[PDB]
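Shown next, in structure tokens, is the structure this report addresses.
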Amino acid sequence: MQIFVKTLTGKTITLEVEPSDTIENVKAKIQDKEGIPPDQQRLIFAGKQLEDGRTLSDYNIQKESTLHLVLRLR
Amino acid sequence: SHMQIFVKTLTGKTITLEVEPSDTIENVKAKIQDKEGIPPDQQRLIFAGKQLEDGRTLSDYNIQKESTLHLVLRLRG
């Protein structure tokens with residue numbers, strides 16, 4: 001289950017994730033790779049702003065799907 | 001003495017900052033960290049299509065009051 005996370009500058013990272021993983025889990029994995037705290041991350045899929053508590057299956061995020069990472073200011 | 005500038009991400013999300021023309025780009029990054037908690041190393045700042053260098057000042061780039069700098073996330077590797 002290899003999904004992609006795309007920044008606003010073209011750069012894209014790959015993540016190995018399991019169907020049950022929550023969006024928060026996804027943000028933790030991104031912190032592990034990029035050092036960006038989850039609270040500073042906004043994730044978008046299919047024009048939707050993703051919620052931390054939900055899983056990738058609740059958004060029908062399939063293998064090779066591409067999520068969008070956006071900076072989240074206070 | 002002081003002036004307001006905007007720092008904007010690519011989504012249009014904006015932050016306002018009070019700065020001096022004599023402030024360094026690193027000073028601006030540190031002010032952004034103070035406001036947003038984003039470490040300087042994660043920040044790349046852009047103005048007039050020129051990547052901004054930590055050691056230079058705002059006046060070096062002729063950044064004026066109400067000018068807008070763009071903020072971009074810096075990734076690892």
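Letters A, B, ... go to the chains of the structure tokens in the order shown; residues in each chain start at 1; ligands are counted from 1 in the same order.
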**OP:** Write down, as number ranges by chain, each residue of chain B that has any atom within 10 Å of an atom of chain A, counting only C-alpha atoms.
**Re:** B: 8-11, 13-15, 32, 35-39, 42, 71-77
For the residues selected in the previous step, produce a file with N, CA, C and O atoms as a PDB file, in the first residue's frame.
ATOM      1  N   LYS B   8       3.440  34.577   2.811  1.00  0.00           N
ATOM      2  CA  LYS B   8       2.352  33.751   2.313  1.00  0.00           C
ATOM      3  C   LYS B   8       2.821  32.395   1.794  1.00  0.00           C
ATOM      4  O   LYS B   8       3.811  32.295   1.073  1.00  0.00           O
ATOM      5  N   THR B   9       2.098  31.353   2.182  1.00  0.00           N
ATOM      6  CA  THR B   9       2.310  30.028   1.622  1.00  0.00           C
ATOM      7  C   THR B   9       1.683  30.018   0.235  1.00  0.00           C
ATOM      8  O   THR B   9       1.133  31.026  -0.206  1.00  0.00           O
ATOM      9  N   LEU B  10       1.757  28.883  -0.451  1.00  0.00           N
ATOM     10  CA  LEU B  10       1.245  28.796  -1.813  1.00  0.00           C
ATOM     11  C   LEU B  10      -0.268  28.569  -1.867  1.00  0.00           C
ATOM     12  O   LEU B  10      -0.861  28.588  -2.944  1.00  0.00           O
ATOM     13  N   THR B  11      -0.887  28.356  -0.707  1.00  0.00           N
ATOM     14  CA  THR B  11      -2.343  28.241  -0.639  1.00  0.00           C
ATOM     15  C   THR B  11      -2.987  29.610  -0.423  1.00  0.00           C
ATOM     16  O   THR B  11      -4.199  29.767  -0.531  1.00  0.00           O
ATOM     17  N   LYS B  13      -2.515  31.231   2.420  1.00  0.00           N
ATOM     18  CA  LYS B  13      -2.491  31.410   3.862  1.00  0.00           C
ATOM     19  C   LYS B  13      -1.387  32.410   4.200  1.00  0.00           C
ATOM     20  O   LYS B  13      -0.271  32.304   3.698  1.00  0.00           O
ATOM     21  N   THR B  14      -1.678  33.375   5.043  1.00  0.00           N
ATOM     22  CA  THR B  14      -0.819  34.507   5.189  1.00  0.00           C
ATOM     23  C   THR B  14      -0.500  34.754   6.623  1.00  0.00           C
ATOM     24  O   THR B  14      -1.300  34.511   7.481  1.00  0.00           O
ATOM     25  N   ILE B  15       0.694  35.240   6.867  1.00  0.00           N
ATOM     26  CA  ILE B  15       1.034  35.749   8.147  1.00  0.00           C
ATOM     27  C   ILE B  15       1.606  37.127   8.022  1.00  0.00           C
ATOM     28  O   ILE B  15       2.267  37.410   7.099  1.00  0.00           O
ATOM     29  N   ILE B  32       9.156  34.038  12.201  1.00  0.00           N
ATOM     30  CA  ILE B  32       8.152  33.100  11.725  1.00  0.00           C
ATOM     31  C   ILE B  32       8.065  31.910  12.669  1.00  0.00           C
ATOM     32  O   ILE B  32       6.979  31.417  12.961  1.00  0.00           O
ATOM     33  N   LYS B  35       6.158  32.831  15.674  1.00  0.00           N
ATOM     34  CA  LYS B  35       4.724  32.981  15.445  1.00  0.00           C
ATOM     35  C   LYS B  35       4.100  31.610  15.172  1.00  0.00           C
ATOM     36  O   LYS B  35       3.009  31.318  15.664  1.00  0.00           O
ATOM     37  N   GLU B  36       4.778  30.774  14.391  1.00  0.00           N
ATOM     38  CA  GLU B  36       4.175  29.569  13.832  1.00  0.00           C
ATOM     39  C   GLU B  36       4.788  28.267  14.343  1.00  0.00           C
ATOM     40  O   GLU B  36       4.187  27.205  14.205  1.00  0.00           O
ATOM     41  N   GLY B  37       5.980  28.343  14.925  1.00  0.00           N
ATOM     42  CA  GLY B  37       6.653  27.154  15.419  1.00  0.00           C
ATOM     43  C   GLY B  37       7.370  26.371  14.329  1.00  0.00           C
ATOM     44  O   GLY B  37       7.809  25.240  14.544  1.00  0.00           O
ATOM     45  N   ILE B  38       7.490  26.971  13.152  1.00  0.00           N
ATOM     46  CA  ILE B  38       8.223  26.346  12.058  1.00  0.00           C
ATOM     47  C   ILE B  38       9.697  26.722  12.142  1.00  0.00           C
ATOM     48  O   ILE B  38      10.047  27.890  11.992  1.00  0.00           O
ATOM     49  N   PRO B  39      10.569  25.732  12.388  1.00  0.00           N
ATOM     50  CA  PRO B  39      12.009  25.994  12.493  1.00  0.00           C
ATOM     51  C   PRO B  39      12.550  26.619  11.206  1.00  0.00           C
ATOM     52  O   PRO B  39      12.052  26.307  10.125  1.00  0.00           O
ATOM     53  N   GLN B  42      13.384  24.391   8.061  1.00  0.00           N
ATOM     54  CA  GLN B  42      12.279  24.010   7.241  1.00  0.00           C
ATOM     55  C   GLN B  42      11.809  25.184   6.394  1.00  0.00           C
ATOM     56  O   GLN B  42      10.987  24.995   5.555  1.00  0.00           O
ATOM     57  N   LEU B  71       6.503  31.739   1.347  1.00  0.00           N
ATOM     58  CA  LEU B  71       7.120  30.739   2.202  1.00  0.00           C
ATOM     59  C   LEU B  71       6.893  29.362   1.606  1.00  0.00           C
ATOM     60  O   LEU B  71       5.774  29.018   1.228  1.00  0.00           O
ATOM     61  N   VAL B  72       7.964  28.581   1.520  1.00  0.00           N
ATOM     62  CA  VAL B  72       7.901  27.234   0.973  1.00  0.00           C
ATOM     63  C   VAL B  72       8.542  26.242   1.939  1.00  0.00           C
ATOM     64  O   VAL B  72       9.561  26.537   2.562  1.00  0.00           O
ATOM     65  N   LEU B  73       7.942  25.063   2.056  1.00  0.00           N
ATOM     66  CA  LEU B  73       8.463  24.036   2.943  1.00  0.00           C
ATOM     67  C   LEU B  73       9.733  23.434   2.354  1.00  0.00           C
ATOM     68  O   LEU B  73       9.830  23.203   1.152  1.00  0.00           O
ATOM     69  N   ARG B  74      10.780  23.283   3.157  1.00  0.00           N
ATOM     70  CA  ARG B  74      12.026  22.633   2.770  1.00  0.00           C
ATOM     71  C   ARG B  74      12.065  21.217   3.260  1.00  0.00           C
ATOM     72  O   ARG B  74      12.025  20.972   4.418  1.00  0.00           O
ATOM     73  N   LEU B  75      12.181  20.292   2.348  1.00  0.00           N
ATOM     74  CA  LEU B  75      12.221  18.869   2.682  1.00  0.00           C
ATOM     75  C   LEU B  75      13.632  18.322   2.854  1.00  0.00           C
ATOM     76  O   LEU B  75      14.602  18.921   2.396  1.00  0.00           O
ATOM     77  N   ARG B  76      13.724  17.176   3.513  1.00  0.00           N
ATOM     78  CA  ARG B  76      14.952  16.434   3.705  1.00  0.00           C
ATOM     79  C   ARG B  76      15.349  15.631   2.482  1.00  0.00           C
ATOM     80  O   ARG B  76      14.503  15.287   1.716  1.00  0.00           O
ATOM     81  N   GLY B  77      16.624  15.306   2.328  1.00  0.00           N
ATOM     82  CA  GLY B  77      17.063  14.433   1.256  1.00  0.00           C
ATOM     83  C   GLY B  77      16.665  14.950  -0.113  1.00  0.00           C
ATOM     84  O   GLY B  77      16.401  16.140  -0.285  1.00  0.00           O
TER      85      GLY B  77
END
**OP:** Give the alpha helix (DSSP H) residues of chain B, as DSSP finds them on the backbone, and put them as a VMD selection string.
**Re:** chain B and resid 25 to 36
Could you write those residues out with N, CA, C and O atoms, as a PDB file, in the first residue's frame?
ATOM      1  N   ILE B  25      17.345  37.971   6.790  1.00  0.00           N
ATOM      2  CA  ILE B  25      16.402  36.940   6.374  1.00  0.00           C
ATOM      3  C   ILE B  25      16.269  35.906   7.477  1.00  0.00           C
ATOM      4  O   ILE B  25      15.180  35.400   7.726  1.00  0.00           O
ATOM      5  N   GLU B  26      17.380  35.612   8.146  1.00  0.00           N
ATOM      6  CA  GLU B  26      17.375  34.701   9.287  1.00  0.00           C
ATOM      7  C   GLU B  26      16.538  35.259  10.443  1.00  0.00           C
ATOM      8  O   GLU B  26      15.876  34.510  11.164  1.00  0.00           O
ATOM      9  N   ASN B  27      16.573  36.577  10.619  1.00  0.00           N
ATOM     10  CA  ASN B  27      15.743  37.226  11.631  1.00  0.00           C
ATOM     11  C   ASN B  27      14.270  37.045  11.307  1.00  0.00           C
ATOM     12  O   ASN B  27      13.430  36.881  12.193  1.00  0.00           O
ATOM     13  N   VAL B  28      13.953  37.089  10.020  1.00  0.00           N
ATOM     14  CA  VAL B  28      12.576  36.914   9.592  1.00  0.00           C
ATOM     15  C   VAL B  28      12.141  35.479   9.854  1.00  0.00           C
ATOM     16  O   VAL B  28      11.059  35.241  10.383  1.00  0.00           O
ATOM     17  N   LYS B  29      12.999  34.525   9.500  1.00  0.00           N
ATOM     18  CA  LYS B  29      12.699  33.117   9.741  1.00  0.00           C
ATOM     19  C   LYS B  29      12.474  32.841  11.225  1.00  0.00           C
ATOM     20  O   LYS B  29      11.570  32.090  11.592  1.00  0.00           O
ATOM     21  N   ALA B  30      13.294  33.459  12.072  1.00  0.00           N
ATOM     22  CA  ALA B  30      13.167  33.303  13.517  1.00  0.00           C
ATOM     23  C   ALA B  30      11.866  33.919  14.041  1.00  0.00           C
ATOM     24  O   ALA B  30      11.285  33.430  15.016  1.00  0.00           O
ATOM     25  N   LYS B  31      11.417  34.995  13.398  1.00  0.00           N
ATOM     26  CA  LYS B  31      10.141  35.615  13.753  1.00  0.00           C
ATOM     27  C   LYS B  31       8.983  34.721  13.325  1.00  0.00           C
ATOM     28  O   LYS B  31       7.953  34.656  13.996  1.00  0.00           O
ATOM     29  N   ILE B  32       9.156  34.038  12.201  1.00  0.00           N
ATOM     30  CA  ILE B  32       8.152  33.100  11.725  1.00  0.00           C
ATOM     31  C   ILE B  32       8.065  31.910  12.669  1.00  0.00           C
ATOM     32  O   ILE B  32       6.979  31.417  12.961  1.00  0.00           O
ATOM     33  N   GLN B  33       9.214  31.455  13.156  1.00  0.00           N
ATOM     34  CA  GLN B  33       9.223  30.378  14.132  1.00  0.00           C
ATOM     35  C   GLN B  33       8.518  30.831  15.410  1.00  0.00           C
ATOM     36  O   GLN B  33       7.751  30.080  16.018  1.00  0.00           O
ATOM     37  N   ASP B  34       8.776  32.073  15.807  1.00  0.00           N
ATOM     38  CA  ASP B  34       8.169  32.628  17.012  1.00  0.00           C
ATOM     39  C   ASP B  34       6.655  32.691  16.899  1.00  0.00           C
ATOM     40  O   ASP B  34       5.948  32.591  17.896  1.00  0.00           O
ATOM     41  N   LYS B  35       6.158  32.831  15.674  1.00  0.00           N
ATOM     42  CA  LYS B  35       4.724  32.981  15.445  1.00  0.00           C
ATOM     43  C   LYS B  35       4.100  31.610  15.172  1.00  0.00           C
ATOM     44  O   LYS B  35       3.009  31.318  15.664  1.00  0.00           O
ATOM     45  N   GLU B  36       4.778  30.774  14.391  1.00  0.00           N
ATOM     46  CA  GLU B  36       4.175  29.569  13.832  1.00  0.00           C
ATOM     47  C   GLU B  36       4.788  28.267  14.343  1.00  0.00           C
ATOM     48  O   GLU B  36       4.187  27.205  14.205  1.00  0.00           O
TER      49      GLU B  36
END
**OP:** Might you pull out every residue within 10 Å of residue 60 in chain A, with only C-alpha atoms counted and same-chain residues fewer than 5 positions away left off, and present them as a list in words?
**Re:** residues 19, 45, 55 and 65 of chain A
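Residues within 9 Å of residue 64 in chain B, counting only C-alpha atoms and excluding same-chain residues fewer than 5 positions away, are residues 3, 4, 5, 21, 58 and 59 of chain B.
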Would you mind exporting N, CA, C and O atoms of the selected residues as a short mmCIF file (atom, residue, chain, number, x, y, z; two decimals), in the first residue's frame?
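Output file selection_10.cif is given in full below:
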data_model
loop_
_atom_site.label_atom_id
_atom_site.label_comp_id
_atom_site.auth_asym_id
_atom_site.auth_seq_id
_atom_site.Cartn_x
_atom_site.Cartn_y
_atom_site.Cartn_z
N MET B 3 8.08 48.21 9.68
CA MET B 3 7.13 48.06 8.63
C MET B 3 6.46 46.70 8.64
O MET B 3 6.95 45.77 9.18
N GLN B 4 5.32 46.60 8.00
CA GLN B 4 4.63 45.36 7.94
C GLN B 4 4.94 44.68 6.64
O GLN B 4 5.01 45.30 5.64
N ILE B 5 5.15 43.38 6.70
CA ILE B 5 5.28 42.56 5.54
C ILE B 5 4.36 41.37 5.64
O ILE B 5 3.90 41.01 6.69
N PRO B 21 13.95 47.17 7.91
CA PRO B 21 14.70 46.95 6.67
C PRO B 21 16.06 46.32 6.94
O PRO B 21 16.63 45.65 6.08
N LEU B 58 16.65 42.59 4.56
CA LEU B 58 15.48 42.89 3.75
C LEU B 58 15.76 44.02 2.76
O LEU B 58 15.28 44.00 1.63
N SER B 59 16.53 45.00 3.20
CA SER B 59 16.88 46.15 2.36
C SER B 59 17.76 45.73 1.19
O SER B 59 17.74 46.35 0.13
#
**OP:** Find the residues around residue 69 in chain B up to 7 Å (only C-alpha atoms counted), leave out those fewer than 2 positions away in its own chain, and share them as an NGL selection string.
**Re:** :B and (6-8 or 45-47 or 67 or 71)
**OP:** For residue 29 in chain A, please output as a ChimeraX atom specification all residues within 12 Å (counting only C-alpha atoms; exclusion window: fewer than 4 positions along the same chain).
**Re:** /A:3-5,13-18,21-25,33-38,41
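If you measure from each of A:30, A:67, A:46, A:61 to residue 1 in chain A using only C-alpha atoms, the closest one turns out to be A:61.
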Original post:
How would you write, as an MDAnalysis selection string, the set of residues in range 17-74 of chain B that DSSP gives as strand (DSSP E or B)?
Top reply: chainID B and resid 17:19 24 43:47 50:51 57 68:73
Requested write-out: C-alpha atoms of the selected residues, as a tab-separated table (two decimals), in the first residue's frame:
chain	number	residue	atom	x	y	z
B	17	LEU	CA	5.13	40.49	10.42
B	18	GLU	CA	6.54	43.73	11.77
B	19	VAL	CA	10.13	44.04	10.62
B	24	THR	CA	18.27	39.68	8.23
B	43	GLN	CA	11.68	27.48	5.75
B	44	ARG	CA	12.64	28.75	2.32
B	45	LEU	CA	11.72	32.37	1.75
B	46	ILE	CA	11.07	33.85	-1.68
B	47	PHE	CA	10.75	37.42	-2.98
B	50	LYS	CA	15.03	35.15	-5.87
B	51	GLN	CA	15.60	32.62	-3.09
B	57	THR	CA	18.92	41.88	4.99
B	68	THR	CA	4.81	39.92	0.22
B	69	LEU	CA	7.36	37.15	0.68
B	70	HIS	CA	6.45	33.59	-0.21
B	71	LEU	CA	7.12	30.74	2.20
B	72	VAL	CA	7.90	27.23	0.97
B	73	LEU	CA	8.46	24.04	2.94
